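Q: This is the content of data.cif (mmCIF, C-alpha atoms):
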data_data
#
loop_
_atom_site.label_atom_id
_atom_site.label_comp_id
_atom_site.auth_asym_id
_atom_site.auth_seq_id
_atom_site.Cartn_x
_atom_site.Cartn_y
_atom_site.Cartn_z
CA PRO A 1 41.94 -0.85 63.81
CA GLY A 2 38.70 0.51 65.24
CA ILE A 3 35.01 1.05 64.57
CA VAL A 4 33.64 2.94 61.55
CA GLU A 5 30.54 4.06 63.41
CA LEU A 6 27.66 4.93 61.08
CA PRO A 7 24.24 6.25 62.17
CA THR A 8 21.51 3.78 61.30
CA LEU A 9 19.19 4.35 58.35
CA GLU A 10 16.44 5.80 60.56
CA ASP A 11 18.23 9.07 61.37
CA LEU A 12 18.85 9.96 57.71
CA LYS A 13 15.24 9.47 56.62
CA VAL A 14 14.60 13.13 55.79
CA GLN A 15 11.54 14.19 53.79
CA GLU A 16 13.85 14.62 50.76
CA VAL A 17 12.75 17.90 49.15
CA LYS A 18 12.15 17.19 45.44
CA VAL A 19 12.59 20.11 43.05
CA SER A 20 14.82 20.17 39.98
CA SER A 21 17.99 22.26 39.76
CA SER A 22 16.28 24.83 37.53
CA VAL A 23 13.47 25.27 40.07
CA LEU A 24 16.08 25.70 42.80
CA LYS A 25 17.98 28.25 40.70
CA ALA A 26 14.81 30.26 40.05
CA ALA A 27 14.11 30.75 43.77
CA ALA A 28 17.80 31.02 44.71
CA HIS A 29 18.01 34.59 46.01
CA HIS A 30 14.72 34.65 47.92
CA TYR A 31 15.42 31.24 49.47
CA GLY A 32 18.86 32.39 50.57
CA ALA A 33 17.32 35.53 52.05
CA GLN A 34 14.44 33.86 53.93
CA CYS A 35 16.14 30.58 54.87
CA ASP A 36 19.61 31.73 55.96
CA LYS A 37 19.38 30.64 59.60
CA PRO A 38 19.08 26.84 59.04
CA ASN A 39 21.66 26.80 56.24
CA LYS A 40 24.12 28.86 58.27
CA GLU A 41 23.67 26.79 61.44
CA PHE A 42 24.04 23.51 59.55
CA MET A 43 27.17 24.67 57.73
CA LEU A 44 28.81 26.02 60.87
CA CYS A 45 28.16 22.64 62.48
CA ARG A 46 29.65 20.95 59.40
CA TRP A 47 32.78 23.11 59.40
CA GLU A 48 33.33 22.99 63.16
CA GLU A 49 32.61 19.33 63.95
CA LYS A 50 34.08 18.27 60.57
CA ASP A 51 31.92 15.13 60.86
CA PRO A 52 28.73 14.74 58.80
CA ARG A 53 27.94 11.74 61.01
CA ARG A 54 27.28 14.27 63.82
CA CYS A 55 25.33 17.23 62.38
CA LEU A 56 22.57 15.13 60.78
CA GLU A 57 19.85 16.90 62.78
CA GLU A 58 20.83 20.24 61.24
CA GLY A 59 20.59 18.51 57.86
CA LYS A 60 17.04 17.55 58.81
CA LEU A 61 16.12 21.06 59.95
CA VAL A 62 17.50 22.75 56.82
CA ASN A 63 15.38 20.45 54.64
CA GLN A 64 12.34 21.17 56.81
CA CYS A 65 12.82 24.92 56.37
CA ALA A 66 13.42 24.53 52.61
CA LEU A 67 10.20 22.54 52.27
CA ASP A 68 8.37 25.22 54.26
CA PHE A 69 9.73 27.89 51.91
CA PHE A 70 8.64 25.91 48.85
CA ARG A 71 5.21 25.26 50.38
CA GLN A 72 4.77 28.99 50.93
CA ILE A 73 5.81 29.80 47.36
CA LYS A 74 3.41 27.11 46.11
CA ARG A 75 0.57 28.57 48.18
CA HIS A 76 1.07 32.21 47.21
CA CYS A 77 2.94 32.66 43.90
CA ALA A 78 2.56 29.38 42.01
CA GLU A 79 2.02 30.72 38.49
CA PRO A 80 4.84 33.32 38.19
CA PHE A 81 7.30 30.94 39.83
CA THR A 82 6.28 28.15 37.46
CA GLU A 83 6.78 30.32 34.39
CA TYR A 84 10.07 31.71 35.73
CA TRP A 85 11.58 28.31 36.53
CA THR A 86 10.43 26.87 33.20
CA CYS A 87 12.10 29.76 31.37
CA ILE A 88 15.25 29.19 33.46
CA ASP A 89 15.10 25.48 32.62
CA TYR A 90 15.00 26.14 28.88
CA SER A 91 18.49 27.67 28.94
CA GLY A 92 21.41 25.26 28.78
CA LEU A 93 23.49 27.25 31.27
CA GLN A 94 20.44 28.38 33.31
CA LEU A 95 21.39 32.05 33.01
CA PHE A 96 19.33 34.73 34.74
CA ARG A 97 20.27 37.09 31.90
CA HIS A 98 17.65 35.97 29.37
CA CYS A 99 14.86 35.66 31.97
CA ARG A 100 14.26 39.12 33.43
CA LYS A 101 10.55 39.80 32.82
CA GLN A 102 9.50 36.57 34.53
CA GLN A 103 11.96 37.44 37.30
CA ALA A 104 10.19 40.79 37.70
CA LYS A 105 6.79 39.10 37.90
CA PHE A 106 8.05 36.59 40.47
CA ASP A 107 9.75 39.29 42.54
CA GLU A 108 6.70 41.55 42.67
CA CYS A 109 4.44 38.57 43.43
CA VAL A 110 6.53 37.46 46.41
CA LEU A 111 6.97 41.08 47.50
CA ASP A 112 3.22 41.75 47.66
CA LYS A 113 2.18 38.21 48.65
CA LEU A 114 4.84 37.08 51.13
CA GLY A 115 6.76 40.28 51.98
CA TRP A 116 10.04 39.32 50.30
CA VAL A 117 12.78 41.31 48.57
CA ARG A 118 15.66 39.86 46.59
CA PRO A 119 19.11 40.38 48.13
CA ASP A 120 21.19 42.99 46.37
CA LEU A 121 24.38 42.09 44.52
CA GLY A 122 26.83 40.52 46.96
CA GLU A 123 24.46 40.57 49.95
CA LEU A 124 24.06 36.78 49.81
CA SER A 125 27.84 36.23 50.03
CA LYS A 126 28.67 38.01 53.31
CA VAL A 127 30.03 36.06 56.27
CA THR A 128 27.30 35.73 58.89
CA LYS A 129 27.45 35.17 62.65
CA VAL A 130 25.31 32.33 63.98
CA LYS A 131 24.02 32.01 67.53
CA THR A 132 24.23 28.22 67.73
CA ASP A 133 24.02 26.70 71.21
CA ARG A 134 26.20 23.63 70.67
CA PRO A 135 29.64 23.56 72.31
CA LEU A 136 32.90 24.06 70.45
CA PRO A 137 34.59 20.73 69.56
CA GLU A 138 37.71 20.58 71.73
CA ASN A 139 39.49 18.16 69.36
CA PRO A 140 37.80 18.36 65.94
CA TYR A 141 40.69 16.46 64.33
CA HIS A 142 40.80 13.82 67.11
CA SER A 143 44.52 14.50 67.45
CA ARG A 144 46.47 12.40 69.94
CA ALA A 145 48.82 13.78 72.59
CA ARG A 146 51.73 15.69 71.08
CA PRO A 147 55.29 14.46 71.76
CA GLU A 148 57.14 16.44 74.39
CA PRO A 149 59.48 19.11 72.95
CA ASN A 150 63.19 18.38 73.03
CA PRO A 151 65.00 19.65 76.16
CA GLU A 152 65.61 23.36 75.63
CA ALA A 153 69.21 24.53 75.30
CA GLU A 154 70.14 27.20 77.84
CA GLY A 155 72.94 28.34 80.11
CA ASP A 156 76.02 30.55 80.06
CA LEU A 157 78.87 29.51 77.77
CA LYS A 158 82.43 29.16 79.06
CA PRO A 159 85.61 28.46 77.06
CA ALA A 160 85.95 24.86 75.94
CA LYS A 161 87.71 22.83 78.62
CA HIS A 162 91.39 22.48 77.68
CA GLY A 163 90.86 24.06 74.28
CA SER A 164 90.09 22.01 71.18
CA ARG A 165 91.01 18.68 72.84
CA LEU A 166 91.84 17.45 69.33
CA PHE A 167 95.11 15.48 69.46
CA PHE A 168 98.28 17.43 70.33
CA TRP A 169 96.60 20.81 69.80
CA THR A 170 96.37 22.12 73.36
CA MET A 171 94.89 25.49 72.33
CA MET B 1 27.78 37.47 -14.97
CA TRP B 2 28.81 35.84 -11.78
CA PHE B 3 25.30 34.78 -10.88
CA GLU B 4 26.28 31.40 -12.35
CA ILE B 5 28.76 31.28 -9.46
CA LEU B 6 25.89 31.78 -6.99
CA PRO B 7 24.43 28.21 -7.11
CA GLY B 8 27.80 26.80 -6.03
CA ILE B 9 27.67 28.74 -2.78
CA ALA B 10 23.91 28.19 -2.47
CA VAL B 11 24.02 24.40 -2.26
CA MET B 12 27.25 24.71 -0.27
CA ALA B 13 25.47 27.06 2.11
CA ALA B 14 22.83 24.36 2.53
CA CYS B 15 25.66 21.94 3.26
CA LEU B 16 27.14 24.23 5.91
CA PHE B 17 23.61 24.76 7.18
CA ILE B 18 22.82 21.08 7.72
CA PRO B 19 24.99 20.36 10.81
CA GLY B 20 24.34 23.62 12.66
CA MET B 21 20.59 23.08 12.69
CA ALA B 22 20.69 19.30 13.07
CA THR B 23 22.81 19.26 16.22
CA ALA B 24 20.59 21.96 17.73
CA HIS B 25 17.43 20.04 16.85
CA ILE B 26 19.02 16.83 18.10
CA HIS B 27 19.96 18.59 21.33
CA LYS B 28 16.33 19.65 21.60
CA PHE B 29 14.95 16.24 20.66
CA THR B 30 17.09 14.08 22.95
CA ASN B 31 16.77 16.48 25.92
CA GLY B 32 13.03 17.15 25.86
CA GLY B 33 12.93 20.35 23.84
CA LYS B 34 15.14 22.37 26.17
CA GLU B 35 18.78 23.20 25.52
CA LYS B 36 21.37 20.59 26.42
CA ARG B 37 22.65 21.46 29.88
CA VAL B 38 26.42 21.98 29.74
CA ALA B 39 28.61 20.94 32.67
CA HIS B 40 31.77 23.04 32.41
CA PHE B 41 32.37 22.60 36.16
CA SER B 42 31.68 20.00 38.82
CA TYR B 43 28.80 22.00 40.31
CA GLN B 44 26.80 21.81 37.07
CA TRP B 45 27.44 18.07 36.85
CA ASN B 46 26.27 17.62 40.45
CA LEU B 47 23.09 19.53 39.59
CA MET B 48 22.54 17.32 36.54
CA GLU B 49 23.10 14.14 38.57
CA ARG B 50 20.67 15.27 41.26
CA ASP B 51 18.16 16.03 38.49
CA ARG B 52 18.59 12.50 37.16
CA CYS B 53 18.07 11.14 40.67
CA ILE B 54 14.97 13.22 41.47
CA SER B 55 13.31 12.58 38.10
CA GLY B 56 12.75 8.97 39.16
CA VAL B 57 12.70 7.91 35.51
CA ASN B 58 16.51 8.36 35.28
CA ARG B 59 16.44 11.21 32.73
CA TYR B 60 17.82 14.57 33.82
CA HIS B 61 15.73 16.61 31.37
CA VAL B 62 12.49 15.45 33.02
CA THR B 63 11.96 18.23 35.54
CA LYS B 64 9.73 18.37 38.62
CA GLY B 65 8.74 21.57 40.40
CA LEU B 66 6.00 22.39 42.88
CA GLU B 67 3.89 19.33 42.03
CA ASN B 68 6.60 16.95 43.26
CA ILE B 69 6.91 18.42 46.77
CA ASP B 70 4.03 18.30 49.25
#
Could I get this file's structure written as structure tokens?

A:
Amino acid sequence: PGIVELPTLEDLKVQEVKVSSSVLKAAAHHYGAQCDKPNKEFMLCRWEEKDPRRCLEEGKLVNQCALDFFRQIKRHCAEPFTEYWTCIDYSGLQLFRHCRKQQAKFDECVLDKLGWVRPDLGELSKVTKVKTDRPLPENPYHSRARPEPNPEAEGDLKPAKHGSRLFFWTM
Amino acid sequence: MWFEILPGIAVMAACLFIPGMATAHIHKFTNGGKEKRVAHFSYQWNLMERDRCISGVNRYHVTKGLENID
């Protein structure tokens, strides 16, 4: 019994970034490097509040920053990125292994056109510290008041009054 | 004098050839030239489903890059 509150359709009307999974995979490392702040803030909100109905604005801002990143890569390094993501898309598993020359062209293009460097191995998987300004959810699980603990057992022990007190056994 | 044996393998080789190419070509034909994307894990399937959604024409192989976004 209650209300399943749901934000109206207007709040979740994001611009809906539209690139295929192969295109996303091609720009994975550079996007993670130069877009880490919105992703990290949004995910910390998601993990702390534990309520996607609450951190929708961070979901907006992450999409805004992703679209800005893709607009920059469109404006500066369109051709190498296009060839690289097409060559990634050809593979069934989308492995970076086969596509290394196009990766080199894309990397040098973004390095000398947008000042970017790909993260080294394992750099993109380190736990980061975010400087979010939202408060800490006091009751993320919405837990009710806990039952009071049972009365604690304490006190000095003396011999049982009149022994066992079990039938004729006096002692 | 075993060259007479050789035709038996030859045609048989063709037989064993026919599926291996055909499947590959079929995988290229039905998926727009590119290799059939394999979903061994839920992440790959989610990527394929989002591709089907973004394509607008309900086929995952149809890919959109920079031209789709603003």

Q: State, in Å with one decimal place, the distance from CA of residue 37 in chain A to CA of residue 43 in chain B.

A: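 We find that CA of residue 37 in chain A and CA of residue 43 in chain B lie 23.1 Å from each other.
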
Q: Pick out the chain A residues within 8 Å of chain B. Count all atoms listed in the file. Give them as a list in words.

A: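 So the residues of chain A near chain B are residues 17, 18, 19, 20, 21, 23, 67, 70, 71, 74, 78, 82, 89, 90, 91, 92 and 93 of chain A.
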
Q: The PyMOL selection byres ((chain A and resi 13) around 12) - which residues does that actually catch in the file I just gave you? List them as a ChimeraX atom specification.

A: /A:7-12,14-17,56-57,59-60,63

Q: Could you take the residues named above and write them with C-alpha atoms, as a PDB file, keeping the file's coordinate frame?

A:
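Output below, filename selection_34.pdb:
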ATOM      1  CA  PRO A   7      24.240   6.250  62.170  1.00  0.00           C
ATOM      2  CA  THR A   8      21.510   3.780  61.300  1.00  0.00           C
ATOM      3  CA  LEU A   9      19.190   4.350  58.350  1.00  0.00           C
ATOM      4  CA  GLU A  10      16.440   5.800  60.560  1.00  0.00           C
ATOM      5  CA  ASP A  11      18.230   9.070  61.370  1.00  0.00           C
ATOM      6  CA  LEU A  12      18.850   9.960  57.710  1.00  0.00           C
ATOM      7  CA  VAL A  14      14.600  13.130  55.790  1.00  0.00           C
ATOM      8  CA  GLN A  15      11.540  14.190  53.790  1.00  0.00           C
ATOM      9  CA  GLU A  16      13.850  14.620  50.760  1.00  0.00           C
ATOM     10  CA  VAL A  17      12.750  17.900  49.150  1.00  0.00           C
ATOM     11  CA  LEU A  56      22.570  15.130  60.780  1.00  0.00           C
ATOM     12  CA  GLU A  57      19.850  16.900  62.780  1.00  0.00           C
ATOM     13  CA  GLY A  59      20.590  18.510  57.860  1.00  0.00           C
ATOM     14  CA  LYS A  60      17.040  17.550  58.810  1.00  0.00           C
ATOM     15  CA  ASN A  63      15.380  20.450  54.640  1.00  0.00           C
TER      16      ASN A  63
END

Q: Translate the PyMOL selection byres ((chain A and resi 102) around 9), as applied to the file shown, into an explicit residue set as an MDAnalysis selection string.

A: chainID A and resid 80:81 83:85 87 99:101 103:107

Q: I'd like to see the residues matched by the PyMOL selection byres ((chain A and resi 53) around 9) on this file, and ideally I'd get them as number ranges by chain.

A: A: 5-7, 50-52, 54-56

Q: Name all residues at most 10 Å from residue 28 in chain A (count only C-alpha atoms; drop same-chain ones fewer than 6 positions away) and give them as a PDB file with C-alpha atoms, in the frame of the given file.

A:
ATOM      1  CA  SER A  22      16.280  24.830  37.530  1.00  0.00           C
ATOM      2  CA  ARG A 118      15.660  39.860  46.590  1.00  0.00           C
ATOM      3  CA  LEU A 124      24.060  36.780  49.810  1.00  0.00           C
TER       4      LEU A 124
END

Q: Take CA of residue 77 in chain A and CA of residue 109 in chain A and report the distance between them in Å, one decimal.

A: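 One can read the CA of residue 77 in chain A to CA of residue 109 in chain A distance as 6.1 Å.
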
Q: Show me, as a PyMOL selection string, the residues that have an atom within 10 Å of residue 114 in chain A when counting all atoms listed in the file, minus same-chain residues fewer than 3 positions from it.

A: chain A and resi 72-73+75-77+108-111+117

Q: Excluding residue 120 in chain A and any residue of its chain fewer than 4 positions from it, enumerate the residues within 12 Å of it, using only C-alpha atoms, and give them as an MDAnalysis selection string.

A: chainID A and resid 29:30 32:33 124:126

Q: Please produce a file of the residues just selected, as a compact mmCIF listing (two decimals), in the coordinates of the input, where the atoms kept are C-alpha atoms.

A:
# COMPACT_ATOMS: atom_id res chain seq x y z
CA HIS A 29 18.01 34.59 46.01
CA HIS A 30 14.72 34.65 47.92
CA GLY A 32 18.86 32.39 50.57
CA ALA A 33 17.32 35.53 52.05
CA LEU A 124 24.06 36.78 49.81
CA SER A 125 27.84 36.23 50.03
CA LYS A 126 28.67 38.01 53.31

Q: Show which residues sit within 12 Å of residue 159 in chain A, as a list in words. Count only C-alpha atoms, and ignore same-chain residues fewer than 5 positions away.

A: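 Residues near the query, excluding close chain neighbours: residues 164, 165 and 171 of chain A.
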
Q: Can you work out the spacing between CA of residue 162 in chain A and CA of residue 150 in chain A in Å, to one decimal?

A: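 Separating CA of residue 162 in chain A from CA of residue 150 in chain A is a distance of 28.9 Å.
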